[PDB]
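Take a look at this single chain in structure tokens; it is the form deposited without this ligand.
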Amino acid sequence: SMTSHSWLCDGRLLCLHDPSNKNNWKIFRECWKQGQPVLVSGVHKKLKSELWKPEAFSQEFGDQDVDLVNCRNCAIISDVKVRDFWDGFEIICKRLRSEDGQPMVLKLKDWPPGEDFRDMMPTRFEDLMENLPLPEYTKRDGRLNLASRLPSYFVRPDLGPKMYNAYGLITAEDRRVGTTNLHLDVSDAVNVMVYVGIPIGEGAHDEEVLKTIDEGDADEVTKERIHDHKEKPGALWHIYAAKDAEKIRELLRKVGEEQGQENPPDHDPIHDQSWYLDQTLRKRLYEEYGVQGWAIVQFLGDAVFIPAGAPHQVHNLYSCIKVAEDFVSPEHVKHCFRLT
């Protein structure tokens, strides 16, 4: 039976089922006021699927110059053509190779660059912005988006959206690396999975993906979305409450010191964007500091709502295209104020 919502993370995460329902705010706003993330499924069914394919991005934009990041070691690959990234998205035998001769796991850095998404891709911009869930919060002019209404005493988000494109992490060693390291934003964000690419050439890679989700602490209902409904999983997220950010900074100062980093006692390991919390570090955070997070698997068409101030990290299971929009809800406006 079609239902308004369900729960993940053993009751700790709201999952809304219908992305465009005018009644969603009534369920959403109580969870949001408490500083919880929220998942909305089914956004892919609202979009024009032909606009969100890796082959179309290569054909239309392939001659642009870009930088890539090697996710395994954080090395920058400078001034290559964007087709060198897109043509290897799903076909492993076409990927740029490291010196060891392996195909690299790559992230496309800042593309489209800065605020240029709308100018470069006007049909994509329209398709995304018209189908975002919770539109009074997420649209540039929504009644509960304060972004366009605040004075300079508040940090205002840039004009979006922003596109986040990266290969899937593959090996047992890759389980300890992030696609995007632990960081926080002073604005709220909605992040939509518009495409998941399951590769070929080393296709048969299904078992390291299950072990990553299991060791990632994903709940039993999340696991049933794969085995029972055959949905395509894109990325594993860990999100922490804004109120736990300083305890996470204390853990990462102690670990920085154990590993022989030499940091001033006030330095900010979350702002540095240099850490990925692996199974060892997540268990340490829980046992030693009393901090629990939310382990979230984002499937094709899932929109993840990330509260302002909430530390979070992302680990791609397969090749992903994500599009995100920042906004300023009244619930969380304290996080972007420049005083006290």
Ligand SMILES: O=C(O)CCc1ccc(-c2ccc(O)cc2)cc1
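Note that residue numbering begins at 1 and tracks the sequence as displayed.
Just so it is clear, the following notes concern the form deposited with this ligand bound, a form of the same protein that is not shown.
Candidate spot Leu210, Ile226 and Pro233, all three touching this ligand in the entry with it bound (heavy atom, 4.5 Å): Yes: each residue has a heavy atom within 4.5 Å of the partner.
This ligand contact in the entry with it bound: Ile198, any heavy atom under 4.5 Å: Yes, contact at 4.5 Å.
Contact label in the entry with it bound: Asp206 to this ligand, heavy atom within 4.5 Å: Yes, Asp206 is a contact residue.
Region of this chain that lies against this ligand in the entry with it bound, out of 257 to 265, 198 to 206, 132 to 140, 114 to 122 [heavy atom, 4.5 Å]: Single hit among the candidates: 198 to 206.
Residues in 296 to 320 close to this ligand in the entry with it bound, defined by a heavy atom within 4.5 Å, in order: Contacts from 296 to 320: just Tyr318.
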